[PDB]
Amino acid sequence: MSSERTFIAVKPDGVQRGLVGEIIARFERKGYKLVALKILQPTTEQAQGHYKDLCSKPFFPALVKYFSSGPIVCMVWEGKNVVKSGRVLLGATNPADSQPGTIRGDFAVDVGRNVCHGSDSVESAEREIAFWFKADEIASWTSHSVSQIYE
């Protein structure tokens, strides 16, 4: 259960608006363990592969273009319930519905500029992590605080 991992990505607008550190700090304060991190501008092919499930949609080309338009920050977080906690920390995908206190609630207005992405399930997270990161990019370490955060 505490081996669970989620994928979080700061989208190009989140990077442009200087929100990378804020997002990372919110996960660290929550007690989650950072195990992979990188910044990169997705290529068209990376953006297409990430949005594979949407490749039949009319807005797919626009999405792909936007997602590959500048750098994103890719992250993997580890810990008990991290997939669900990650979605709760980010807030509702549509910022009009997000609560203050969450990342979208505090910072975002439009669904197309919603700052960050997080995995929607453990199964999606496994796919996302392996898509963006090679095995040798994932750090294996133990937090000195683990017995303070987890039963």
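The numbering used is simple: start at 1 and walk along the sequence shown.
Student: Tell me which of 33-41 and 57-65 has the higher mean C-alpha B-factor in the deposited entry.
Tutor: It is 57-65.
Student: For the C-alpha atoms alone, is the average B factor greater in 126-134 or in 20-28, going by the entry?
Tutor: Of 126-134 and 20-28, the stretch with the higher C-alpha B-factor average is 126-134.
Student: Checking the entry, which one of 83, 96, 115, 90 has the top C-alpha B factor?
Tutor: The C-alpha B-factor peaks, among 83, 96, 115, 90, at 96.
Student: Within this chain, which third does the Cα B-factor at residue 148 fall in: lowest, middle or highest?
Tutor: Its C-alpha B-factor belongs to the lowest third of this chain's values.
Student: Going by the entry, which third of its chain does the Cα temperature factor of residue 102 land in?
Tutor: Within its chain, residue 102 is a lowest-third residue by C-alpha B-factor, going by the deposited values.
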